[PDB]
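Structural features, examined
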Amino acid sequence: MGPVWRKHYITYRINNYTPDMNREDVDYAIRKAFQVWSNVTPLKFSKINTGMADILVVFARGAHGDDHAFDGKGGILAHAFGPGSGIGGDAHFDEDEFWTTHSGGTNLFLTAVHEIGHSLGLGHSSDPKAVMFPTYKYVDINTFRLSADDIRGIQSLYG
Ligand SMILES: C[C@H](NC(=O)[C@H](C)NC(=O)[C@H](Cc1cc(-c2ccc(-c3cccc(Cl)c3)cc2)no1)CP(=O)(O)c1ccc(Br)cc1)C(N)=O
Ligand SMILES: [Ca+2]
Ligand SMILES: [Ca+2]
Ligand SMILES: [Ca+2]
Ligand SMILES: [Zn+2]
Ligand SMILES: [Zn+2]
């Protein structure tokens, strides 16, 4: 078992906002992404406007202070650190992507669901239906659902 959060009550804060999207749409996408995971675990997520949060959400480009530089438009879209103090848990989104609420560019919600999975301690799945599959694909946001494998995975960590 890799690292897990030692509590079910987990805080997050959005450090900064991509200019690609309306600020309220970023808030909404991130909120719903956390909700996807809270819906299948005992985890509860609380948004922090100011102060110390377990999970910091950052938009940045290229080399941005963590020895894992982003790569311009395309390729890697985002990355996240597993549960832990400091940078542990934090989710970073490559500002060189074009973030959207829809099928165009890269959908922030779907990407955030995947990254938050990492923030909670999940690794990848080989199931092409799993949100934790390694490569992004757009899927109909309304019909979006975690796969049985995603659920097995996260319930193995928290219950
Ligand atoms: C352009 C696009 N790029 C990608 O997908 C790239 C490769 N992947 C990455 O950018 C990953 C980040 C990433 C993956 C996803 C994703 C995956 C699957 C689905 C999905 C799939 C099927 C069904 C359903 Cl319902 C959903 C949705 C989103 N969203 O973000 C990077 P990472 O966080 O894994 C990472 C970074 C650094 C290290 Br070190 C380790 C891990 C592509 N090639 O398709
Ligand atoms: Ca990139
Ligand atoms: Ca952190
Ligand atoms: Ca951008
Ligand atoms: Zn980073
Ligand atoms: Zn991943």
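Coordinates for the structure precede this section.
Residues numbered from 1 in each chain as written, not as in the entry; some residues may be left out. Chains lettered and ligands numbered in written order. Heavy atoms only, no water.

**Overview of the nonpolar core**
Formed by 40 residues in total, the largest nonpolar core has its most connected members in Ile 30, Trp 37, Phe 93, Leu 108, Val 113 and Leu 120. Beyond its immediate stretch of four places on either side in the chain, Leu 108 contacts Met 21, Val 26, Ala 29, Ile 30, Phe 59, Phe 93, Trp 99 and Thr 100. (Core = buried A, V, L, I, M, F, W, Y, C linked by side-chain atoms within 4.5 Å. Buried < 20%, exposed > 50% of the residue type's maximum accessible area, 1.4 Å probe, protein only. Contact = heavy atoms within 4.5 Å.)

**Details of the coordination of the zinc ion (ligand 6)**
Taken together, the protein donors to the zinc ion (ligand 6) comprise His 114 (NE2), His 118 (NE2) and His 124 (NE2), at separations of 2.0 to 2.1 Å. Angles of 94 to 122° at the metal separate the 4 donor atoms of the zinc ion (ligand 6), which places the site in the tetrahedral class. Each donor residue of the zinc ion (ligand 6) lies on one chain, and together they are spaced H-x3-H-x5-H. Linking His 114 in helix α2 (residues 108-119) with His 124 in the loop between α2 and α3 (148-157), this pair joins segments that are 10 residues apart in sequence. Assessed through its relative accessible area of 11%, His 114 is described here as buried. (Donors = N, O, S within 2.8 Å, 3.2 Å for Na, K, Ca; no water. Tetrahedral: all angles 85-135°; square planar, octahedral: opposite > 155°, others 65-115°. Helix = DSSP H or I, 4+ residues; strand = E, 2+ residues; numbered from the N terminus.)

**Structural notes on the packing of helix α1 (residues 23-38) against α2**
The relative placement of two packed helices is expressed as an angle between their axes plus a distance between the axes. It is at 8 Å that the axes of α1 and α2 come closest, and there the two elements cross at 45°. With respect to their mutual orientation, α1 and α2 come out oblique. Crossing of α1 against α2: the hand is right-handed. On the side of α1, the interface is formed by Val 26, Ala 29, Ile 30, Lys 32, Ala 33, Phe 34, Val 36 and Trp 37, while α2 contributes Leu 108, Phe 109, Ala 112, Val 113, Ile 116 and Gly 117. Of the residues belonging to the contact of α1 with α2, the class tally is 12 nonpolar, 1 polar and 1 charged. (Axes fitted to C-alpha atoms, helices over the stretch in contact; angles between N-to-C directions. Parallel < 35°, antiparallel > 145°, perpendicular 65-115°, else oblique. Left-handed = near helix turned anticlockwise from the far one by under 90°. Nonpolar A, V, L, I, M, F, W, Y, C, P; charged D, E, K, R; others polar.)

**What about the coordination of the calcium ion (ligand 4)?**
Coordination of the calcium ion (ligand 4) by the protein involves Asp 20 (OD), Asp 20 (OD), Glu 95 (O), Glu 95 (OE) and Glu 97 (O), with metal-donor separations of 2.3 to 2.8 Å. Read N to C, the donor residues that coordinate the calcium ion (ligand 4) are spaced as D-x74-E-x1-E. Accessibility expressed as a relative area gives 13% for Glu 95, which makes it buried. Given a relative accessible area of 5%, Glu 97 falls into the buried group.

**With respect to α3**
Residues of α3 that are buried: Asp 150, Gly 153, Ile 154 and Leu 157. For α3, the angular spread of buried residues about the axis comes to 85°, placing them on one side. Structural note: α3 exposes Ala 148 and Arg 152 on the side pointing more than 90 degrees away from its buried face. Close packing links the buried residues of α3 with α1. (Arc of directions from axis to C-beta.)

Any functional reading would require information that these geometric values do not contain.
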